[PDB]
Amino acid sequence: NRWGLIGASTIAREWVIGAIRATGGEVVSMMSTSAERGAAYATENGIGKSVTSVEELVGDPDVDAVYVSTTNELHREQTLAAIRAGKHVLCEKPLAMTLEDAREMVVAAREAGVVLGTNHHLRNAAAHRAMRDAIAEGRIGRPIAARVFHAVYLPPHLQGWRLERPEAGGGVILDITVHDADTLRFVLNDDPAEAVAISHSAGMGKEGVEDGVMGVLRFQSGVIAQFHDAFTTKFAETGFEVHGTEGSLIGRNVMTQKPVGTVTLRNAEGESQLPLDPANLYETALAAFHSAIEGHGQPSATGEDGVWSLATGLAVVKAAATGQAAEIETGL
């Protein structure tokens, strides 16, 4: 029920603070490296305390759970503080910057007996759940190939850290390709095995920073999945498709943060749009996380889910950089 925010972020402002409130919880405090900004942002968003120390946020006895949506080089040490305080943690993706860090987070949560969740939103969407369901109900026969299109335009207000400092987590692979990875795993119900990729810097990424990637994952089942992730492409709709021996599912406009997009089943009979019962992706994420901390079930995406999606993003990074296929090994 009662949250502390770490990070005065656009993600919490735009989506997660309201989803916490919509689903029965409260944000009692938050923490920013800036006294000035924290306090303005706490006022802007109806939060009663702001604080410039992590331990003050995390050791706040009125705080039950913590949301980490700081930049990526801070996810680990902050989520480890919350756990050491005995607070459950929803951490933003990518769960961390290295696999050893991500694994430590998952092992620390387990040993303290608190819930650790990665905020993969997409897997919450009715579109993706309906595709997961459709494949498990045989609607396409056996899956052969998937295709993910996540080439977007990074809006001017976000053209900051994402496009600089790859040492601090920027680049489109860590930011976006992690979502594709997790969404593939969710929908296909299967785990990737290796990646090949080619990345570029097509005018947005500063320095050695990629702003588009294309690649292919081999899944344990044998299915091959292509992805295109990009910050630079304004007029490319998003999409997620699975092609089977008896049907194709064609998701259009389904990779965004909003709860929109259609899913079309094509088979021998024709085409139709699968019926969707949509809801705000982060209200669903948060309702699940709230249930998890109450003892009922897991968060939508678990800390291990974020280890997998990171494992896949780092393979993709490696394959783009060396030109060599890269096995996805989580170490779990």
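Numbering starts at 1 and runs along the sequence shown.
Look at the C-alpha B-factors of 211 to 219 and of 158 to 166. On average they run higher in 158 to 166.
5 to 13 and 304 to 312 differ in mean CA B-factor, and the higher of the two is recorded for 5 to 13. The entry assigns its greatest Cα B factor, within the set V178, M97, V106, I140, to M97.
Sorting the modelled residues of the chain by their CA temperature factor places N253 in the lowest third. The entry lists a Cα temperature factor for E194 that places it in the middle third of the chain's modelled residues.
Ranked by C-alpha B-factor against the other modelled residues of its chain, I173 falls in the lowest third. Ranked within its chain, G247 lands in the lowest third, by CA B factor from the PDB record. When the modelled residues of the chain are ordered by C-alpha B-factor, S69 sits in the middle third.
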